[PDB]
Structures are given as C-alpha cells and as structure tokens.
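Have a look at the structure below before the remarks.
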Amino acid sequence: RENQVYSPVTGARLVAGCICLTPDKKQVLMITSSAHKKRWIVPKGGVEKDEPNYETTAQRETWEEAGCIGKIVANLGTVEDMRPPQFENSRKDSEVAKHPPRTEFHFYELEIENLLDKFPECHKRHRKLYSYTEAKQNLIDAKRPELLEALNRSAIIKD
Ligand SMILES: O=P(O)(O)O[C@H]1[C@H](OP(=O)(O)O)[C@@H](OP(=O)(O)O)[C@H](OP(=O)(O)O)[C@@H](OP(=O)(O)O)[C@H]1OP(=O)(O)O
C-alpha cells in the first residue's frame, strides 16, 4: 500500500527496526530475508502514516517479523541504505557517484522478554540468536553494512 512514509528532504523511505539483545547481551536476534531466504538481517520495516513514533513501528515489526516481545532500552539513532539505484576518484580516495539514500533507518535496542512460536511471518522466515562475531559476518554476507553500524552502536558484547 501507500501507507509508507518518506523523508520530505531526501525522499528516502522511513524504516524503524530493533537490535534485539538477550538480557546478558551476548546474542542478537536475526531473521531471514523474505526475498533471499539465506540472508540473515534484523527486524525492521516501513513506518505507516498512522504511527505516532518510530518506537511503535520498531516494536510492531519486531513482533510481525520475529515473534519477539521486549523493552526498548536505547535509541541507536539513524543509519542510511546508501546502495546506489558510476564512480568519482579524488586523488587519494574513490567514491560512488552522489545519490540520495534509498532508506533512512531509525534503530532501537530492545531487551528480549519473550520469543513466541506463532507470529504473523513465522512460516515466511527463520529467527535465531547469534553472537556478535557470527551476526557481524551474517550482515557482511547480507551486504548490509548500515545494519552492522546499528548493531555496533548497541550494548552487545563484542568479545
Ligand atoms: O517494501 P519494499 O519496498 O518491498 O521494501 C523491501 C523490503 O523491506 P521492508 O521490510 O523494509 O519493507 C525487504 O525486506 P523484507 O522482505 O526482508 O521484510 C527488503 O529486503 P531485505 O530483507 O534485504 O531488507 C528490500 O530491500 P532490498 O533492496 O535488499 O531488496 C526492500 O526493498 P527496498 O530496496 O525498496 O528497500
């Protein structure tokens, strides 16, 4: 639908999600991408026109995509999907040609309180806890460095 919300400045799609950590902070909850079933990402989704804040979207998507309930304990701020829709060298560095972001992500750290077996997307995805090291590799394999930046801002133990 066109319940979707876009940055009035950049036209980027506004998305909220959760870095869901175990109480002991050693593991993060990851879900499989719907499109590519072997990519592990974190729960996230489009803000809808009715939603009063990013926390509402984040907790709605964490339940819908991962069957996860918990408490928001930190605002992890924003990251951008800077994937292009070719290059510009500058003497001692190279860059992709200027473009607006595809997506602006608002991420929150959640402490997991419960995982349920039945949730709206429970037949369309897997959901599993990973150590920092495994999660980092997962998000590089998924080609989602912005999701890794959000994970790095979380209190997850990096030992
Ligand atoms: O609503 P759409 O425009 O189709 O957005 C999709 C959708 O993102 P949302 O969950 O934010 O709606 C996919 O996510 P899921 O199907 O996994 O829930 C996501 O795929 P990822 O799983 O890899 O995030 C994909 O992004 P991609 O470009 O990687 O296909 C992204 O499309 P956009 O490129 O338009 O954001």
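What follows is calculated from the coordinates using simple rules that are stated; it is not laboratory data. So basically every Cβ, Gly included, is an ideal-geometry build from the backbone, and we count neighbours across all protein chains shown.
A few comments on the model shown:
- If the chain linking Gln86 and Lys98 were pulled fully straight, counting 0.36 nm for each residue of separation and taking away their Cα-Cα distance, it would gain 3.4 nm.
- Charged side chains reduced to their Cβ positions (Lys and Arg at +1, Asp and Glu at -1) give the chain a dipole of some 560 debye around its Cα centre.
- Label zone at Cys122, where the point sits 7 Å out along the Cα-to-Cβ direction: the stretch 27-61 residues whose backbone N lies under 20 Å: 29-34, 43-44, 59-61
- Of the cross-linked pairs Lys98/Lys158; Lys128/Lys158; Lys71/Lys118; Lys25/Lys71; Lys118/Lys143; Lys38/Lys98, those separated by over 23 Å at the C-alpha level are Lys98/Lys158; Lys118/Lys143; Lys38/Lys98.
- Cα centroid of the stretch 80-113 to Cα centroid of the stretch 118-154, whole Å: 18 Å
- Peptides ranked, highest mean first, by Cβ atoms within 10 Å: ranges 123-130, 23-30: 23-30, 123-130
- Sequence of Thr62, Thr103, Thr57, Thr22 once ranked by neighbouring C-beta atoms within 10 Å, starting from the fewest: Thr22, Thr103, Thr57, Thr62
- Spin-label model distance (nm) - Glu113 vs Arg60, 7 Å beyond Cα toward Cβ: 1.9 nm
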